[PDB]
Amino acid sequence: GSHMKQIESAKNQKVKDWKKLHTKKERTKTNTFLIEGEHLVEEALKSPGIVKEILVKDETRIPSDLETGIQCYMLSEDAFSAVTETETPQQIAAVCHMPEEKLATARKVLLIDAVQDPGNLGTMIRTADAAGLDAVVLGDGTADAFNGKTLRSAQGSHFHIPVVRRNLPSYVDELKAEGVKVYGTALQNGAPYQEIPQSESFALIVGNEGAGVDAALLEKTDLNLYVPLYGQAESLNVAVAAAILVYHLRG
């Protein structure tokens, strides 16, 4: 049989184009992004229509039973490195389409106010995915969701739920206009989460570890809730706290 397509050189226009996925401009242009790692790729392959191209240095790494519309390329080490740009050695990468957005219709959403840690951000995305939320909305100041650490941390949830960027204050206004109840994560003027009833439509705002949700944003909330601290711990990890709240509201 004929061999798979090969790309020997880092100067190849496909390679340069792939390398560009590290820029915000090319991701915005294409609504695609680059992923690395066997499990991420596997997760992507589970989601219909997500994977566009697959890159490997070795044919043994090619996943079994691939859909026919997927183009696979075998790359040289130089070419593979050029694309991935990762110290930690990788054997497979892929280019993926972002999931269908549907923001206007979203009625169960997680709003993230300026979370900087990739680990926390990834955990939040994964949790939103697990709880079956409509979308994850990132406020100004929040870290890029498509950075390698976040992608890795999210373990494939990027393939399932839309993760978009909006101005939180404006988005809240829009949500309120549509009748979605808005909850803020805060102690001040907040109630312990267990006292709160479940809601069919909701938007939960979560914030960073130090400052927390912005004060001007908290004023726009219908209600505020929190996870009570019973022991000596100063605080709960924000993603962990977010998970408890999201799942509670969801019931």
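A residue's number is simply how far along the shown sequence it sits, counting from 1.
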Exercise. Looking only at CA atoms, which has the higher mean B factor in the entry: 10-18 or 227-235?
Worked result: 10-18
Seminar exercise, completed: When mean C-alpha B-factors in the record are compared for 155-163 and 97-105, the larger belongs to 97-105
Problem set entry | Member of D113, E87, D117, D129 with the greatest C-alpha B factor (per the PDB record) | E87
Exercise. With respect to the C-alpha temperature factors reported in the PDB entry, which of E77, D134, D140, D144 ranks highest?
Worked result: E77
Problem set entry | Third of the chain's Cα B-factor distribution that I50 belongs to, per the entry | lowest
Exercise. In terms of the CA temperature factor given in the entry, to which third of its chain does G122 belong: lowest, middle or highest?
Worked result: lowest
Problem set entry | Chain third (lowest, middle, highest) by recorded CA B-factor, residue given as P197 | middle
Exercise. What third of its chain, lowest, middle or highest, does the C-alpha temperature factor of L204 fall into?
Worked result: lowest
For this session: Grab the CA temperature factor for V56 from the record and place it in the lowest, middle or highest third of its chain.
Result: middle
